[PDB]
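Presented below, as structure tokens, is a lone chain in the form solved without the ligand.
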């Protein structure tokens, strides 16, 4: 409960309070749009993203009370490995769903005929399932191999020799690929919309700026946490700023409905 920890509690409280009701409204609207005839794959991807954000929000109180206990010596024992697993799986699932939404946005403006022809919700379900697998199954096999041998904060030098390769893999093959495809697709989309001589600056800007803000939010939320993995591997120690890193990573769970649902109505 000292300075930085108090700031962490304040930030967690404000993000939870600001992101919950917006998440319920966005989830209800996305479910309703799914129920409407002829849904699009991007609608299912948005629904999956808001579901992952909601599940992350439901796991926030555990993090806030853990931080209230000086971010250590968590009172429960068998719930750390579940809450942290769910939190990190939700973070990575949100990253992959953001990458999928970026791919859909790039397809909708660079391959319009093909996107219209293949606008079938089955592909959206398949993409959402692929993202969900690539996050949750990775976290599950990691926790399983952990069980084949507070709340994942302090380790020993023996444990680091296993933790660091896992973090390196999670940053290199589980985050860099979604980050790379998101950056490439959004860059191509922005260039295409800036080279489209149909809609003037009165409405194309509203899409170019939205894409730029989405890419910036992605690189600001999911960036520091993941580069913390490389930093920890380089210095062979657990980074001390992992708490603020995961705070920034979870900030996207509340900022997502602002950029995906509350932009049309506002």
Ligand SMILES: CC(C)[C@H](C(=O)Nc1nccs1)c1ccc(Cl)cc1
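Definition used throughout: the rigid core is the maximal C-alpha set that superposes within 1.5 Å between two forms. Positions refer to the first chain, counted from 1.
Here the subject shifts to the form deposited with the ligand bound, a form of this protein not shown in this document.
The three marked residues, 213, 220 and 255, each reach the ligand in the deposited bound form, with a heavy atom inside 4.5 Å. Shown alone here, residue 251 lies within 4.5 Å of the ligand in the deposited bound form, counting heavy atoms only.
The comparison between the shown form and the other one, aligned on the rigid core, picks out a single residue among 85, 132, 186, 74 whose CA moves by 2 Å or more, and that residue is 74.
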